[PDB]
There are 4 protein chains.
Amino acid sequence: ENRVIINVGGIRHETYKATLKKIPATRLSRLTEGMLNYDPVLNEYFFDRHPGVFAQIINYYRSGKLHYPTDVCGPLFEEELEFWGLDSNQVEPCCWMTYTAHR
Amino acid sequence: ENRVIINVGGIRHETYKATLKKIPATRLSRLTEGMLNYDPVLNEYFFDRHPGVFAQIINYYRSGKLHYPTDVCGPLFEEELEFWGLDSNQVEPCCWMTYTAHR
Amino acid sequence: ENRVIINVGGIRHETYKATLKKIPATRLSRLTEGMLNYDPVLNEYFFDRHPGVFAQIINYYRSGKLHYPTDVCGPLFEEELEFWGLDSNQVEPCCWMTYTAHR
Amino acid sequence: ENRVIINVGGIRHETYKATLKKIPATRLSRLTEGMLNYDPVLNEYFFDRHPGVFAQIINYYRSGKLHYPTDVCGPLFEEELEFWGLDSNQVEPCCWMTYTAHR
Ligand SMILES: [Zn+2]
Ligand SMILES: [Zn+2]
Ligand SMILES: [Zn+2]
Ligand SMILES: [Zn+2]
């Protein structure tokens, strides 16, 4: 009703529709049933991306803050940030050490 | 019967009801079917939080000890600690290096 | 048929029955339908433990080698090692730095 | 239809069939219904491997780049790389520090 299921690589992440609108002009804030990767039977959106890193991607919408995970390298996370349409420059002060280590 | 399902961000964590009572005056020790985010059909509680960090949150109840995860930054974990009503000061000696690094 | 489902904290881990026999005299090598936490309907064993760390616990049986995870502290992992009846002294050379850091 | 479910240790990872063909001559690029670990009822392939590390294994196919996870040791990951038929020498520049630390 007020929730959406984003099946990312098999893992069915779930959140309120309103949460996804918190960051406008991104792939998630743009979800629509006209999308081909939307299944009307299961009522979900399938994305062939890293399911582990997605919790971190989705946490940006939930908390309004961008943190970097520390179980994967910055480059892998940033690839995910680019696919989802998020900006890495928004990274929190606490996640600078894990952000600059790469460049 | 003696277990409860806490659907945190799509991930259905499961524990015994008694485990949640181990830390009184917290959001989890307060679960009730009167709550709106409780679904009588699936018989579960939905919370729009980081599903990965929750295992760590729930492990505090299971073991009676507060450890910090090391796959996310202290600040992100602490945000979760605040939502769940847990106190970070209870952090174990072994998790001080990951606790003070931030402040 | 030749597989068993160990529902650890909500997460249904699955392995071949033979894998669990690889380390005799442990809680997992001892699984039996006489156990109360065994559900004949779903055909699974429920354990109220850390679901994330379990993959590491189960990987000891699968690979025959004991590695320590690096997304949680040694103490938390060791608590799990004790519950499951595994011996930390078997830790691999590659996981000594994460093993001795604590003591 | 255009997707496949790889049940790795209980966790049902999902991807497009085409993604698996991106790295020829590997176990995943070779999946076939003639395989005994393929279940026609559930329509999936079961592999008794580390379910956590698999997201990293599968991310190599998705992104075309090999990164090492940092929540487990290099040796454990490499064991998985060998089972899946992937080559560790392809490791990205950003994941050298976590690759050479071991040898
Ligand atoms: Zn941070
Ligand atoms: Zn600790
Ligand atoms: Zn190791
Ligand atoms: Zn990398």
Side-chain angles (χ1 to χ4, degrees), chain A residues 2-23 28 42-47 50-74 76-77 80 90-96 98-101, chain B residues 4-14 27-28 35-59 67-86 88 91 94-96 98-101:
Chain A
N2 41 234
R3 299 189 218 151
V4 56
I5 293 175
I6 308 86
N7 176 349
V8 179
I11 307 311
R12 298 179 161 74
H13 290 258
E14 179 169 16
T15 187
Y16 287 108
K17 296 178 180 179
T19 301
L20 300 185
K21 320 305 293 195
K22 297 177 63 185
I23 306 180
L28 286 173
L42 286 178
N43 184 36
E44 64 182 32
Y45 294 87
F46 175 76
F47 289 96
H50 196 305
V53 167
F54 192 70
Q56 206 70 358
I57 291 295
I58 205 177
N59 208 246
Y60 184 10
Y61 292 74
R62 287 168 171 148
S63 73
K65 299 166 61 180
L66 175 59
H67 300 282
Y68 270 51
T70 59
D71 50 4
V72 295
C73 62
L76 185 160
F77 184 55
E80 296 310 292
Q90 286 317 287
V91 65
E92 284 296 292
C94 51
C95 289
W96 277 351
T98 163
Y99 164 82
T100 74
Chain B
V4 56
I5 293 175
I6 308 86
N7 176 349
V8 179
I11 307 311
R12 298 179 161 74
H13 290 258
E14 179 169 16
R27 199 180 301 283
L28 286 173
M35 292 176 144
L36 302 160
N37 58 316
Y38 169 75
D39 176 24
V41 178
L42 286 178
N43 184 36
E44 64 182 32
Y45 294 87
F46 175 76
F47 289 96
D48 192 28
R49 306 302 297 198
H50 196 305
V53 167
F54 192 70
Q56 206 70 358
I57 291 295
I58 205 177
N59 208 246
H67 300 282
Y68 270 51
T70 59
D71 50 4
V72 295
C73 62
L76 185 160
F77 184 55
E78 283 156 5
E79 269 190 73
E80 296 310 292
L81 287 175
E82 285 179 49
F83 171 80
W84 296 110
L86 302 160
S88 61
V91 65
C94 51
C95 289
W96 277 351
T98 163
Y99 164 82
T100 74

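A note on names: the letters A, B, ... follow the listed sequences, proteins ahead of strands, and every chain is numbered from 1.
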Cut-off 4.5 Å, heavy atoms of chain B, and the answer for A/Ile6 is neither

Ordered numerically, the heavy-atom neighbours of chain B under 4.5 Å found in residues 59-67 of chain A are A/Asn59, A/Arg62, A/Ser63, A/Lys65, A/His67

Would you call the rings of B/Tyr38 and B/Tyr45 parallel, tilted or perpendicular if under 30° counts as parallel and over 60° as perpendicular?
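B/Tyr38 and B/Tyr45: tilted rings.
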
What one should report as the nearest heavy-atom pair of B/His50 and B/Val8 is O-CG1, 3.8 Å

Sequence neighbours excluded, which residues qualify as ring pair (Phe, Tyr, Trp, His ring centres under 6.0 Å) partners of B/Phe54?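 With neighbours one apart ignored, the set is B/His13, B/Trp84.
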
Residues at least two apart in sequence or cross-chain that pass ring pair (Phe, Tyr, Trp, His ring centres under 6.0 Å) with B/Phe83, listed by chain then number, are none

>> Ignoring hydrogens and geometry beyond distance, is a side-chain donor-acceptor pair present between B/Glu78 and B/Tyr68 at under 3.5 Å?
In response: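 B/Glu78 vs B/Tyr68: donor-acceptor pair found between side chains.
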
Here the salt bridge (charged side-chain N to carboxylate O under 4.0 Å, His left out) pairs for residues 50-61 of chain A, sequence neighbours left out, are none

